[PDB]
Amino acid sequence: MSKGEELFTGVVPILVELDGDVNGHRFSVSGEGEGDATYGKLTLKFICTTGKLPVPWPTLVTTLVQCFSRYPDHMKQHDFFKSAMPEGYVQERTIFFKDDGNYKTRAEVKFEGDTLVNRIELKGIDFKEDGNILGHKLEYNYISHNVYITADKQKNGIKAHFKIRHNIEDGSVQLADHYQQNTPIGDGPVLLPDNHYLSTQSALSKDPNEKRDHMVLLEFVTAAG
């Protein structure tokens with residue numbers, strides 16, 4: 001039966017590495033944590049190793065491992081993410097921040113031995129020097145959002161579309177429109193997602209005992225519709 005279903009049987013260790021440049025501002029993120037696909041649970045802590053992070057943490061959330069998503073039995077046949085393992089998959093995205101700049105990301109997610117690794121490249125351009133993102137106007141929070149997993153037969157993978165609302169201090173809201181492509185790293189078999197989706201629920205926090213610019217992240221993700 002199933003592809004790499006057995007790999008996410010228990011608690012998996014996660015390693016995250018991001019290298020990005022936004023409007024010329026270089027920076028690097030490293031994160032360690034663990035995931036429990038059984039419960040769609042993820043616990044991570046990210047550290048900005050290049051000093052102080054230039055953008056807002058919240059804006060990195062989506063970029064910073066859907067294979068940890070909990071799939072209810074009746075819909076396991078659409079688990080594209082777990083089926084690409086251990087080989088992995090490449091996840092690409094364009095994230096447009098309404099009336100602002102956008103992010104371009106390239107990532108590869110795969111197992112390095114028993115560690116699930118997310119290696120990522122990020123590039124930010126057209127950011128208004130005095131807007132929400134660059135002029136840190138975003139609140140340190142997150143909205144339980146949904147992701148519209150839509151197959152893309154041709155790329156042998158999938159395509160996804162969704163948007164994210166970021167709460168602006170003023171009580172308003174900054175929009176982030178995601179466009180994501182996903183192609184399998186191996187040449188192997190993968191499951192093709194019927195038009196489904198993911199109910200997600202994040203929770204960012206701080207570690208008082210942490211002197212470095214960082215973000216604590218707790219999150220549950222489940223597949224529905």
# chains A, B, ... in the order shown; residues from 1 in each chain; ligands from 1
>>> closest_atom_pairs(of="range 128-190 of chain A", to="range 34-56 of chain A", cutoff="12 Å", atoms="only C-alpha atoms", output="tab-separated table")
residue	atom	partner	partner_atom	distance
A:128	CA	A:55	CA	11.6
A:129	CA	A:55	CA	10.9
A:130	CA	A:55	CA	11.9
A:131	CA	A:55	CA	10.9
A:132	CA	A:56	CA	8.9
A:133	CA	A:55	CA	5.7
A:134	CA	A:55	CA	5.7
A:135	CA	A:55	CA	8.1
A:136	CA	A:56	CA	6.1
A:137	CA	A:56	CA	8.3
A:138	CA	A:56	CA	6.8
A:139	CA	A:56	CA	8.6
A:140	CA	A:56	CA	8.1
A:141	CA	A:56	CA	10.5
A:142	CA	A:56	CA	11.9
A:166	CA	A:56	CA	10.4
A:167	CA	A:56	CA	11.7
A:168	CA	A:56	CA	11.5
A:174	CA	A:56	CA	12.0
>>> write_last_selection(atoms="N, CA, C and O atoms", output="CSV table (one decimal), in the first residue's frame")
chain,number,residue,atom,x,y,z
A,128,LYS,N,7.9,48.5,-0.8
A,128,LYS,CA,7.8,49.9,-0.5
A,128,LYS,C,8.5,50.1,0.9
A,128,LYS,O,8.2,49.5,1.8
A,129,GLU,N,9.6,51.0,0.9
A,129,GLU,CA,10.4,51.2,2.0
A,129,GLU,C,9.6,51.7,3.3
A,129,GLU,O,10.0,51.4,4.4
A,130,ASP,N,8.4,52.3,3.1
A,130,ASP,CA,7.6,52.8,4.2
A,130,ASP,C,6.2,52.2,4.2
A,130,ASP,O,5.2,52.9,4.5
A,131,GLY,N,6.1,50.9,3.9
A,131,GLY,CA,4.8,50.2,3.9
A,131,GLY,C,4.6,49.3,5.1
A,131,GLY,O,5.4,49.3,6.0
A,132,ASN,N,3.7,48.4,5.0
A,132,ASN,CA,3.5,47.4,6.1
A,132,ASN,C,4.6,46.4,6.3
A,132,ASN,O,5.0,46.2,7.4
A,133,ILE,N,5.1,45.8,5.2
A,133,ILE,CA,6.1,44.8,5.4
A,133,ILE,C,7.5,45.4,5.8
A,133,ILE,O,8.0,45.0,6.8
A,134,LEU,N,8.0,46.3,5.0
A,134,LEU,CA,9.3,46.9,5.2
A,134,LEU,C,9.3,47.7,6.5
A,134,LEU,O,10.4,47.8,7.1
A,135,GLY,N,8.2,48.4,6.8
A,135,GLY,CA,8.1,49.3,7.9
A,135,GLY,C,7.3,48.6,9.0
A,135,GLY,O,6.4,49.3,9.6
A,136,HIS,N,7.6,47.4,9.3
A,136,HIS,CA,7.0,46.5,10.2
A,136,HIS,C,5.7,47.0,10.9
A,136,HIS,O,5.7,47.5,12.0
A,137,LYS,N,4.6,46.9,10.1
A,137,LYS,CA,3.3,47.3,10.5
A,137,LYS,C,2.3,46.1,10.8
A,137,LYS,O,1.1,46.3,11.1
A,138,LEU,N,2.8,44.9,10.7
A,138,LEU,CA,2.1,43.7,10.8
A,138,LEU,C,2.0,43.3,12.2
A,138,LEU,O,3.0,43.3,12.9
A,139,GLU,N,0.9,42.8,12.7
A,139,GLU,CA,0.8,42.2,14.0
A,139,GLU,C,1.4,40.8,14.1
A,139,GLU,O,1.3,40.1,13.1
A,140,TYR,N,1.9,40.5,15.2
A,140,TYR,CA,2.5,39.2,15.4
A,140,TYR,C,1.4,38.2,15.7
A,140,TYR,O,1.3,37.7,16.9
A,141,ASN,N,0.7,37.8,14.7
A,141,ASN,CA,-0.4,36.8,14.9
A,141,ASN,C,-0.6,36.1,13.6
A,141,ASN,O,0.3,36.1,12.7
A,142,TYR,N,-1.7,35.4,13.5
A,142,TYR,CA,-2.1,34.6,12.3
A,142,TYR,C,-3.5,34.2,12.3
A,142,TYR,O,-4.1,33.9,13.3
A,166,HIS,N,-3.2,39.4,6.5
A,166,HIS,CA,-2.3,39.9,7.6
A,166,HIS,C,-2.9,41.1,8.3
A,166,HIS,O,-3.2,42.1,7.7
A,167,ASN,N,-3.1,40.9,9.6
A,167,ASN,CA,-3.7,42.0,10.4
A,167,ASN,C,-2.8,43.1,10.6
A,167,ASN,O,-1.7,43.0,11.2
A,168,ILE,N,-3.2,44.3,10.1
A,168,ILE,CA,-2.5,45.5,10.3
A,168,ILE,C,-2.9,46.1,11.6
A,168,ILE,O,-4.1,46.1,11.9
A,174,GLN,N,-3.4,43.4,5.5
A,174,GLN,CA,-2.6,43.3,4.4
A,174,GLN,C,-2.8,42.0,3.7
A,174,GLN,O,-2.7,40.9,4.4
>>> select_by_dssp(residues="range 7-153 of chain A", states="helix (DSSP H, G or I)", output="number ranges by chain")
A: 7-8, 57-60, 66-68, 73-78, 80-83, 153
>>> residues_around(residues="range 98-102 of chain A", least_positions_apart="2", cutoff="7 Å", atoms="only C-alpha atoms", output="MDAnalysis selection string")
chainID A and resid 94:96 104 124:128 174:176
>>> closest_atom_pairs(of="range 103-185 of chain A", to="range 10-29 of chain A", cutoff="6 Å", atoms="only C-alpha atoms", output="JSON lines")
{"residue": "A:115", "atom": "CA", "partner": "A:13", "partner_atom": "CA", "distance": 5.2}
{"residue": "A:116", "atom": "CA", "partner": "A:14", "partner_atom": "CA", "distance": 4.8}
{"residue": "A:117", "atom": "CA", "partner": "A:15", "partner_atom": "CA", "distance": 4.9}
{"residue": "A:118", "atom": "CA", "partner": "A:16", "partner_atom": "CA", "distance": 4.9}
{"residue": "A:119", "atom": "CA", "partner": "A:17", "partner_atom": "CA", "distance": 5.1}
{"residue": "A:120", "atom": "CA", "partner": "A:18", "partner_atom": "CA", "distance": 4.7}
{"residue": "A:121", "atom": "CA", "partner": "A:19", "partner_atom": "CA", "distance": 5.3}
{"residue": "A:122", "atom": "CA", "partner": "A:20", "partner_atom": "CA", "distance": 4.4}
{"residue": "A:123", "atom": "CA", "partner": "A:21", "partner_atom": "CA", "distance": 5.2}
{"residue": "A:124", "atom": "CA", "partner": "A:22", "partner_atom": "CA", "distance": 4.1}
{"residue": "A:125", "atom": "CA", "partner": "A:23", "partner_atom": "CA", "distance": 5.3}
>>> write_last_selection(atoms="C-alpha atoms", output="PDB file, in the first residue's frame")
ATOM      1  CA  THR A 115      15.439  14.440   9.431  1.00  0.00           C
ATOM      2  CA  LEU A 116      12.837  16.092   7.320  1.00  0.00           C
ATOM      3  CA  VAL A 117      14.576  19.012   5.720  1.00  0.00           C
ATOM      4  CA  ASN A 118      13.194  22.202   4.181  1.00  0.00           C
ATOM      5  CA  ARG A 119      15.907  24.003   2.199  1.00  0.00           C
ATOM      6  CA  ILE A 120      14.713  27.323   0.801  1.00  0.00           C
ATOM      7  CA  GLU A 121      15.655  30.278  -1.398  1.00  0.00           C
ATOM      8  CA  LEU A 122      13.744  33.539  -1.113  1.00  0.00           C
ATOM      9  CA  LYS A 123      13.776  36.724  -3.138  1.00  0.00           C
ATOM     10  CA  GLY A 124      11.844  39.872  -2.330  1.00  0.00           C
ATOM     11  CA  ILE A 125      11.371  42.779  -4.736  1.00  0.00           C
TER      12      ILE A 125
END
>>> residues_around(residues="residue 90 in chain A", least_positions_apart="4", cutoff="12 Å", atoms="only C-alpha atoms", output="VMD selection string")
chain A and resid 65 to 66 81 84 to 85 105 to 110 117 to 121 155 to 159 180 to 186
>>> write_last_selection(atoms="C-alpha atoms", output="JSON list (two decimals), in the first residue's frame")
[["chain", "number", "residue", "atom", "x", "y", "z"],
["A", 65, "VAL", "CA", 6.27, 21.28, 5.08],
["A", 66, "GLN", "CA", 2.74, 20.23, 4.09],
["A", 81, "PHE", "CA", 3.05, 15.43, -0.05],
["A", 84, "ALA", "CA", 6.75, 12.24, -2.73],
["A", 85, "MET", "CA", 8.79, 11.07, 0.12],
["A", 105, "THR", "CA", 10.61, 31.18, -3.36],
["A", 106, "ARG", "CA", 12.26, 27.97, -4.31],
["A", 107, "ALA", "CA", 12.41, 25.08, -1.95],
["A", 108, "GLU", "CA", 13.12, 21.50, -1.70],
["A", 109, "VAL", "CA", 11.70, 19.29, 0.94],
["A", 110, "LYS", "CA", 13.09, 15.94, 1.59],
["A", 117, "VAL", "CA", 14.58, 19.01, 5.72],
["A", 118, "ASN", "CA", 13.19, 22.20, 4.18],
["A", 119, "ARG", "CA", 15.91, 24.00, 2.20],
["A", 120, "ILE", "CA", 14.71, 27.32, 0.80],
["A", 121, "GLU", "CA", 15.65, 30.28, -1.40],
["A", 155, "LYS", "CA", 3.86, 19.22, -14.14],
["A", 156, "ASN", "CA", 3.36, 15.70, -12.77],
["A", 157, "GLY", "CA", 2.55, 17.50, -9.57],
["A", 158, "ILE", "CA", 0.13, 20.10, -8.44],
["A", 159, "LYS", "CA", -0.63, 23.79, -8.28],
["A", 180, "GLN", "CA", 2.36, 27.58, -5.62],
["A", 181, "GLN", "CA", 3.80, 24.92, -7.84],
["A", 182, "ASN", "CA", 4.92, 21.52, -6.60],
["A", 183, "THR", "CA", 6.95, 18.96, -8.54],
["A", 184, "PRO", "CA", 8.23, 15.65, -7.28],
["A", 185, "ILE", "CA", 11.92, 15.29, -6.79],
["A", 186, "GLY", "CA", 12.16, 11.67, -7.86]]
>>> select_by_dssp(residues="chain A", states="strand (DSSP E or B)", output="ChimeraX atom specification")
/A:11-22,25-36,41-48,70,89-97,102-112,115-125,138,146-152,157-168,173-184,198-205,214-223
>>> residues_around(residues="residue 78 in chain A", least_positions_apart="5", cutoff="8 Å", atoms="only C-alpha atoms", output="list in words")
residues 191, 192, 193 and 194 of chain A
>>> closest_residue(among="A:165, A:70, A:76, A:93", to="residue 221 in chain A", atoms="only C-alpha atoms")
A:70
>>> atom_distance(atom1="CA of residue 198 in chain A", atom2="CA of residue 149 in chain A")
7.6 Å
>>> decode(residues="range 31-177 of chain A", atoms="C-alpha atoms", output="mmCIF file, in the first residue's frame")
data_model
loop_
_atom_site.group_PDB
_atom_site.id
_atom_site.type_symbol
_atom_site.label_atom_id
_atom_site.label_comp_id
_atom_site.auth_asym_id
_atom_site.auth_seq_id
_atom_site.Cartn_x
_atom_site.Cartn_y
_atom_site.Cartn_z
ATOM 1 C CA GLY A 31 14.716 26.431 12.409
ATOM 2 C CA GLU A 32 14.459 23.153 14.224
ATOM 3 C CA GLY A 33 11.360 21.456 15.440
ATOM 4 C CA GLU A 34 9.236 18.415 15.126
ATOM 5 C CA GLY A 35 6.136 17.268 13.366
ATOM 6 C CA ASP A 36 3.470 14.703 14.178
ATOM 7 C CA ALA A 37 1.515 13.980 11.009
ATOM 8 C CA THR A 38 -0.891 11.770 12.996
ATOM 9 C CA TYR A 39 -2.237 14.936 14.591
ATOM 10 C CA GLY A 40 -1.126 17.456 11.924
ATOM 11 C CA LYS A 41 1.028 19.007 14.693
ATOM 12 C CA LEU A 42 4.163 21.084 14.173
ATOM 13 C CA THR A 43 6.389 22.674 16.722
ATOM 14 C CA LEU A 44 9.216 24.815 15.551
ATOM 15 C CA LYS A 45 11.486 27.578 16.653
ATOM 16 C CA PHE A 46 13.099 29.870 14.065
ATOM 17 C CA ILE A 47 16.173 32.005 14.553
ATOM 18 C CA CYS A 48 17.366 34.818 12.390
ATOM 19 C CA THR A 49 21.065 34.258 12.156
ATOM 20 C CA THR A 50 21.954 37.346 10.158
ATOM 21 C CA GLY A 51 20.903 39.720 12.910
ATOM 22 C CA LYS A 52 17.442 41.269 13.017
ATOM 23 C CA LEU A 53 14.931 40.066 10.488
ATOM 24 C CA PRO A 54 14.145 42.651 7.799
ATOM 25 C CA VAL A 55 10.547 41.618 7.099
ATOM 26 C CA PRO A 56 7.888 40.495 9.448
ATOM 27 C CA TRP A 57 7.917 36.942 10.804
ATOM 28 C CA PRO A 58 4.289 36.408 9.903
ATOM 29 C CA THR A 59 5.188 36.953 6.341
ATOM 30 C CA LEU A 60 7.538 33.919 6.493
ATOM 31 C CA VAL A 61 5.043 31.525 7.911
ATOM 32 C CA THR A 62 3.902 29.920 4.719
ATOM 33 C CA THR A 63 7.382 29.656 3.343
ATOM 34 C CA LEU A 64 8.943 28.227 6.448
ATOM 35 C CA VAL A 65 6.273 21.284 5.077
ATOM 36 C CA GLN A 66 2.736 20.229 4.085
ATOM 37 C CA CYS A 67 3.718 16.582 4.301
ATOM 38 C CA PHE A 68 2.872 16.945 8.033
ATOM 39 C CA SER A 69 -0.716 17.751 7.227
ATOM 40 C CA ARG A 70 -3.195 15.398 8.773
ATOM 41 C CA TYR A 71 -5.213 13.539 6.163
ATOM 42 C CA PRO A 72 -8.398 11.936 7.294
ATOM 43 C CA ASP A 73 -8.601 8.259 6.292
ATOM 44 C CA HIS A 74 -11.295 8.777 3.731
ATOM 45 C CA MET A 75 -8.975 11.167 1.818
ATOM 46 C CA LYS A 76 -5.559 9.615 2.083
ATOM 47 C CA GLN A 77 -5.566 8.935 -1.647
ATOM 48 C CA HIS A 78 -4.901 12.582 -2.251
ATOM 49 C CA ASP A 79 -1.895 12.898 -0.054
ATOM 50 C CA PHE A 80 0.457 14.270 -2.579
ATOM 51 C CA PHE A 81 3.048 15.429 -0.048
ATOM 52 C CA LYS A 82 3.677 12.170 1.763
ATOM 53 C CA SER A 83 3.680 10.244 -1.430
ATOM 54 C CA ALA A 84 6.748 12.236 -2.726
ATOM 55 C CA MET A 85 8.792 11.069 0.121
ATOM 56 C CA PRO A 86 11.396 10.259 0.905
ATOM 57 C CA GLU A 87 12.675 11.643 -2.436
ATOM 58 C CA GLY A 88 10.924 14.872 -1.785
ATOM 59 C CA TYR A 89 9.492 17.549 -3.875
ATOM 60 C CA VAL A 90 10.319 21.030 -4.983
ATOM 61 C CA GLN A 91 7.974 23.732 -3.913
ATOM 62 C CA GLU A 92 7.885 27.019 -5.767
ATOM 63 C CA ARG A 93 5.887 30.130 -5.049
ATOM 64 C CA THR A 94 5.051 33.650 -5.923
ATOM 65 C CA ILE A 95 3.540 35.619 -3.140
ATOM 66 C CA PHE A 96 2.067 38.950 -3.986
ATOM 67 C CA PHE A 97 1.541 41.424 -1.179
ATOM 68 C CA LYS A 98 -1.330 43.706 -2.224
ATOM 69 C CA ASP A 99 -0.040 47.218 -3.036
ATOM 70 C CA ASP A 100 3.436 46.102 -2.093
ATOM 71 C CA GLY A 101 6.187 43.839 -3.205
ATOM 72 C CA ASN A 102 6.150 40.148 -3.669
ATOM 73 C CA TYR A 103 8.246 37.122 -2.625
ATOM 74 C CA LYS A 104 9.646 34.453 -4.924
ATOM 75 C CA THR A 105 10.606 31.177 -3.357
ATOM 76 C CA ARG A 106 12.255 27.966 -4.312
ATOM 77 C CA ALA A 107 12.407 25.078 -1.945
ATOM 78 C CA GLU A 108 13.116 21.500 -1.703
ATOM 79 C CA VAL A 109 11.704 19.289 0.942
ATOM 80 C CA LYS A 110 13.088 15.937 1.585
ATOM 81 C CA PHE A 111 14.449 13.599 4.195
ATOM 82 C CA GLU A 112 18.085 13.844 5.058
ATOM 83 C CA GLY A 113 18.458 10.518 6.760
ATOM 84 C CA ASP A 114 15.634 10.740 9.268
ATOM 85 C CA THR A 115 15.439 14.440 9.431
ATOM 86 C CA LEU A 116 12.837 16.092 7.320
ATOM 87 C CA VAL A 117 14.576 19.012 5.720
ATOM 88 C CA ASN A 118 13.194 22.202 4.181
ATOM 89 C CA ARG A 119 15.907 24.003 2.199
ATOM 90 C CA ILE A 120 14.713 27.323 0.801
ATOM 91 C CA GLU A 121 15.655 30.278 -1.398
ATOM 92 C CA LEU A 122 13.744 33.539 -1.113
ATOM 93 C CA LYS A 123 13.776 36.724 -3.138
ATOM 94 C CA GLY A 124 11.844 39.872 -2.330
ATOM 95 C CA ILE A 125 11.371 42.779 -4.736
ATOM 96 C CA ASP A 126 9.417 46.007 -5.162
ATOM 97 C CA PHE A 127 8.930 46.525 -1.470
ATOM 98 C CA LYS A 128 7.799 49.939 -0.455
ATOM 99 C CA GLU A 129 10.365 51.219 2.035
ATOM 100 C CA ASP A 130 7.595 52.788 4.163
ATOM 101 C CA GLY A 131 4.763 50.246 3.910
ATOM 102 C CA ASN A 132 3.451 47.412 6.052
ATOM 103 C CA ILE A 133 6.121 44.794 5.361
ATOM 104 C CA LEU A 134 9.287 46.853 5.235
ATOM 105 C CA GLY A 135 8.097 49.258 7.912
ATOM 106 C CA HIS A 136 6.976 46.484 10.239
ATOM 107 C CA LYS A 137 3.250 47.308 10.540
ATOM 108 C CA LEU A 138 2.069 43.732 10.827
ATOM 109 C CA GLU A 139 0.820 42.247 14.010
ATOM 110 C CA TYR A 140 2.510 39.177 15.425
ATOM 111 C CA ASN A 141 -0.359 36.841 14.886
ATOM 112 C CA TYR A 142 -2.087 34.644 12.291
ATOM 113 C CA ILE A 143 -5.458 33.694 10.839
ATOM 114 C CA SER A 144 -6.753 30.140 10.643
ATOM 115 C CA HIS A 145 -6.739 29.971 6.877
ATOM 116 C CA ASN A 146 -7.513 27.496 4.121
ATOM 117 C CA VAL A 147 -5.434 26.240 1.155
ATOM 118 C CA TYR A 148 -6.937 25.141 -2.153
ATOM 119 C CA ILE A 149 -5.060 22.071 -3.299
ATOM 120 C CA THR A 150 -5.698 21.790 -7.046
ATOM 121 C CA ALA A 151 -3.886 19.227 -9.160
ATOM 122 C CA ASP A 152 -1.745 20.075 -12.182
ATOM 123 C CA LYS A 153 -1.496 16.849 -14.139
ATOM 124 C CA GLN A 154 1.157 18.218 -16.581
ATOM 125 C CA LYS A 155 3.860 19.221 -14.137
ATOM 126 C CA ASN A 156 3.362 15.702 -12.772
ATOM 127 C CA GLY A 157 2.552 17.496 -9.573
ATOM 128 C CA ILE A 158 0.130 20.102 -8.444
ATOM 129 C CA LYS A 159 -0.630 23.789 -8.275
ATOM 130 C CA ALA A 160 -2.147 25.662 -5.436
ATOM 131 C CA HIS A 161 -3.791 28.938 -4.885
ATOM 132 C CA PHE A 162 -4.731 30.772 -1.814
ATOM 133 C CA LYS A 163 -4.361 34.027 -0.110
ATOM 134 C CA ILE A 164 -3.494 35.152 3.361
ATOM 135 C CA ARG A 165 -4.780 38.067 5.358
ATOM 136 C CA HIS A 166 -2.350 39.862 7.609
ATOM 137 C CA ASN A 167 -3.715 41.993 10.355
ATOM 138 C CA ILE A 168 -2.487 45.477 10.261
ATOM 139 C CA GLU A 169 -2.132 47.401 13.529
ATOM 140 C CA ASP A 170 -4.637 49.998 12.399
ATOM 141 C CA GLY A 171 -7.123 47.157 12.423
ATOM 142 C CA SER A 172 -7.055 46.870 8.670
ATOM 143 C CA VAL A 173 -5.406 44.090 6.750
ATOM 144 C CA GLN A 174 -2.568 43.305 4.356
ATOM 145 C CA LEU A 175 -3.187 40.782 1.655
ATOM 146 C CA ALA A 176 -0.853 38.057 0.467
ATOM 147 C CA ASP A 177 -1.843 36.125 -2.622
#
